[PDB]
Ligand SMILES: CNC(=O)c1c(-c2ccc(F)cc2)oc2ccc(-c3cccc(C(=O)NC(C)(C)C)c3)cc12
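We begin with a single chain expressed as structure tokens, specifically the form deposited without the named molecule.
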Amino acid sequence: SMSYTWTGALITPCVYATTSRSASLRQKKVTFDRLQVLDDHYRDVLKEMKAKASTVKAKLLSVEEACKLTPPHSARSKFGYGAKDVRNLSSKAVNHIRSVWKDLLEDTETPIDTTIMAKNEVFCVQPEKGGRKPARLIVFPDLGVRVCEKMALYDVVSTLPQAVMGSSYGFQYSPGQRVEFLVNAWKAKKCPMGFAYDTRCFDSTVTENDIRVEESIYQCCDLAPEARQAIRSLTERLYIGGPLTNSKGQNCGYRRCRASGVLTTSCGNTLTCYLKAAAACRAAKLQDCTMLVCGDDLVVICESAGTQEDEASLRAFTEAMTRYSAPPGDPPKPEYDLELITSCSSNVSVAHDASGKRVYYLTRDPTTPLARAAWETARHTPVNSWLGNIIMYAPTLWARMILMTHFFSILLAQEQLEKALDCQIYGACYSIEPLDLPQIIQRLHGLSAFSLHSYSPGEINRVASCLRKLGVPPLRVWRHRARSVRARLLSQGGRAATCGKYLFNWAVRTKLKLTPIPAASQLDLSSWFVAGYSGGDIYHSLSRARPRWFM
């Protein structure tokens, strides 16, 4: 069947930002018929995944618990209420949610309406390698349906992927644990070979059978009878496909592939990618495979069989993936150094702690984080990618010297250090106070993230070249600015002094002895590196359990 069918109505609007103007180019790439042939390898992996899913017990969320997961600026319902009414448990919001739920239990077939929209994402215009990227498309149901998805499936999508995939499930790891996983897998092989597999338009490669196969896995959970019916009805009415409506309310067409804006997008994509990849590893006869899967993002670390044999087995792996309806964008390339593998737009790098001990860390090319931070500094944005980048890439030279220096001086100037901001962590929205950054970093990356030095020449040159390309002042200017930022933060005491002393310890001539922050343990990070929720409309406010008077 065709992934999409179009009426002809436009996808109307809601260095550079992507807009609805380029929607046509995206629509052309994502529209095609899918050819899928399954085999014994696929059926075997599937049964093994289901045997693991069978250990899961999922809870039905209450209306109140589902409403509390809703982002404050989540798109309003077409039924006379918004995200604020949902979060406040307004009678009108709650009544409509209960009627949407009742309708899921009673109606098993009528397709549910969705809105199709162009995503506005910032990228860096580089005329050296082609041109501009067309806008990505987002497909999502009404607010009432999104609350019902949480009730039926939040606990499933949060618990099931790790139980099924175990250590292969990428979203259970903090950046440091991901690095630890990849390094341990690499060191465990006699002669290691790794590769990243890039599926061309993954969401569009997802068939209605893949969506039913994914439901067959959810159905292995112990579920409340209403959760079991809601999952069944949501599968047939929403997940498998349905009609598309543009921002103007016009019939835009029809979808028979993965919706990017449903609660199950990340879980379904991870399970599907893993299933197809694990089966393709058997068909390719790859030896001692270790996989790391994050939605459509796949990395495979295996045992090398020789240079020519590795190239041959990768072409065979690709053939199997293609039969399973997952053909590649860029064909996969065998790598023999762990640092050369780009996965989830990131790579492993190593540095030293204050004692000369080696520390592995996750980094990436800083162009897109710097261009997005420049955009966010220029105009008010709903999400602060700069904050999420500081959190995820805290050990990096670029996040420490540039992002921390720039943003802490702006916050000092605006007197907004305590003002909570929204950022995305594995697709989920977190409301975080910049004053909590030292404690967050210590908890995720360890105390060493504040003492890292001996960065690699390759990483230093990538950062320096990027600063030059973007007209950003060089590293020595940042060191000078961080000294003043640090002195002003130290002068304020409390959490602000801790920001100065810990985040900017790299900036001083004579480096301080840093002891662990006592209040860091109080932070409730329980929901942090559990699962992926990209397009899942998930929100959390950072909380502190058991506060001591003196902190």
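Think of the rigid core as the biggest set of C-alphas that the two forms share within 1.5 Å after superposition. Residue indices: 1-based, along the sequence shown.
Point to revise | Stretch with larger C-alpha RMS deviation in 8 other deposited structures of this protein, core superposed, 114-122 versus 425-433 | key: Once the core is superposed, the stretch further away in 8 other deposited structures of this protein is 425-433.
Point to revise | Higher-deviation segment by CA RMS in 8 other deposited structures of this protein, core fitted, 229-237 or 378-386 | key: Looking at 378-386 versus 229-237 in 8 other deposited structures of this protein, the farther one turns out to be 378-386.
Review point. For residue 15, does the count of other compared entries lacking it reach at least a third?
Key: Residue 15: unmodelled in at least a third of the other compared entries.
Practice item. Using the PDB record, quantify the missing residues of the deposited sequence between residue 25 and residue 26 as none, 1 to 3, 4 to 9, or 10 or more. Key: In the deposited sequence, nothing is left without coordinates between these two.
Check your understanding: Which is higher on average in the deposited entry, the C-alpha temperature factors of 331-339 or of 417-425?
Key -> Going by the record's values, the stretch with the higher mean is 331-339.
Check your understanding: With respect to the recorded C-alpha B factors, which stretch has the higher mean value, 478-486 or 30-38?
Key -> Taking the mean B-factor of the alpha carbons in each, 30-38 is higher.
Practice item. Using the temperature factors in the entry, find which of 445, 237, 380, 255 has the highest value at its Cα atom. Key: Top of the list by C-alpha B-factor: 380.
Exercise for review: Return the residue from 228, 406, 212, 189 that has the highest Cα B-factor in the entry.
Suggested key: Reading the PDB entry, the winner on C-alpha B-factor is 189.
**Study point:** residue 57 by Cα B-factor - lowest, middle or highest third of the modelled chain
**Key:** Ranked within chain, residue 57 CA B lands in the lowest tercile.
Practice item. Taking the values exactly as deposited, rank residue 222 by C-alpha B-factor within its chain and report the matching third: lowest, middle or highest. Key: Residue 222: CA B-factor falls in the lowest third of its chain.
Practice item. Give the position of residue 170 by CA B-factor within its chain, expressed as the lowest, middle or highest third. Key: Ranked within chain, residue 170 CA B lands in the middle tercile.
Check your understanding: Sorting the chain's CA B-factors, does residue 50 end up in the lowest, middle or highest third?
Key -> According to the entry, residue 50 has a C-alpha B-factor in the chain's lowest third.
Practice item. Select lowest, middle or highest to describe the third in which the CA B-factor of residue 535 falls within its chain in this entry. Key: According to the entry, residue 535 has a C-alpha B-factor in the chain's middle third.
Keep in mind that the form deposited with the named molecule bound is not shown, yet the notes after this line are about it.
**Study point:** Which of 226-234, 322-330, 212-220, 172-180 lines the interface with the named molecule in the entry with it bound (heavy atom within 4.5 Å)
**Key:** Of the stretches listed, the one contacting the partner is 172-180.
Check your understanding: Any chance 292, 299 and 344 all have a heavy atom within 4.5 Å of the named molecule in the entry with it bound?
Key -> So, yes: the whole triplet contacts the named molecule.
Review point. Hey, in the entry with it bound, does residue 408 get a heavy atom within 4.5 angstroms of the named molecule?
Key: Although the named molecule is absent here, residue 408 would stay clear of it in the entry with it bound, with no heavy atoms inside 4.5 Å.
Point to revise | Any non-hydrogen atom of residue 112 within 4.5 angstroms of the named molecule in the entry with it bound | key: The answer is no: residue 112 has no heavy atom within 4.5 Å of the named molecule.
Practice item. Decide whether residue 338 counts as a contact residue for the named molecule in the entry with it bound under a heavy atom distance cut-off of 4.5 Å. Key: Yes, residue 338 is a contact residue.
Check your understanding: With a 4.5 Å heavy atom cut-off, would you call residue 392 a contact of the named molecule in the entry with it bound?
Key -> Taking the distances in the entry with it bound, the answer for residue 392 is yes, it comes within 4.5 Å of the named molecule.
Review point. Among the candidate residues 239, 450, 426, 317, which is the single one with a non-hydrogen atom no more than 4.5 Å from the named molecule in the entry with it bound?
Key: Contact with the named molecule in the entry with it bound is made by 426 alone.
Check your understanding: Of 93, 257, 362, 164, which residue is found within 4.5 angstroms of the named molecule in the entry with it bound when only non-hydrogen atoms are counted?
Key -> Checked against the cut-off, the match is 362.
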